[PDB]
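Single-structure report; data block below.
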Amino acid sequence: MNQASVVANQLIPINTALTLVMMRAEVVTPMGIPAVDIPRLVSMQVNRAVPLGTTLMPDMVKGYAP
């Protein structure tokens, strides 16, 4: 894998609004939301708990639809 994705830098509880401290960028497989889209996720709520080190996928983010 070469391209980085958004990965939880902390446990993100269900219904939390994303902030920058929560979102690192890592090369992971499978590919999640591109790391470049981090700014676009800020203040959007997750619809499930996102454990530390989980790749953030589009379906985990309420209202995410590029």
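Here this note's numbering is used: position 65 in the sequence shown is 700, and no number is missing along the way.
Ideal Cβ positions, reconstructed from N, Cα and C, are used throughout, including at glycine.
My understanding is that residue i touches residue j, with C-beta atoms under 8 Å, so please give their C-beta distance in whole angstroms.
{"i": "residue 688", "j": "residue 643", "result": "6 Å"}
{"i": "residue 673", "j": "residue 660", "result": "7 Å"}
{"i": "residue 684", "j": "residue 655", "result": "Not really, about 19 Å apart at Cβ, beyond 8 Å."}
Report buried or exposed for residue i, applying the criterion of at least 16 other Cβ atoms within 10 angstroms of its Cβ.
{"i": "residue 676", "result": "buried"}
{"i": "residue 649", "result": "exposed"}
{"i": "residue 681", "result": "buried"}
Nearest by alpha-carbon distance to residue i: which of the options is it?
{"i": "residue 678", "options": "646, 696, 636, 701", "result": "696"}
In this structure, how does DSSP classify residue i when only helix, strand and coil are distinguished?
{"i": "residue 686", "result": "coil"}
{"i": "residue 673", "result": "helix"}
{"i": "residue 657", "result": "helix"}
In its own chain, which residues sit with a C-beta less than 7 Å from the C-beta of residue i, not counting the 5 before and 5 after it?
{"i": "residue 663", "result": "636, 640, 642, 690"}
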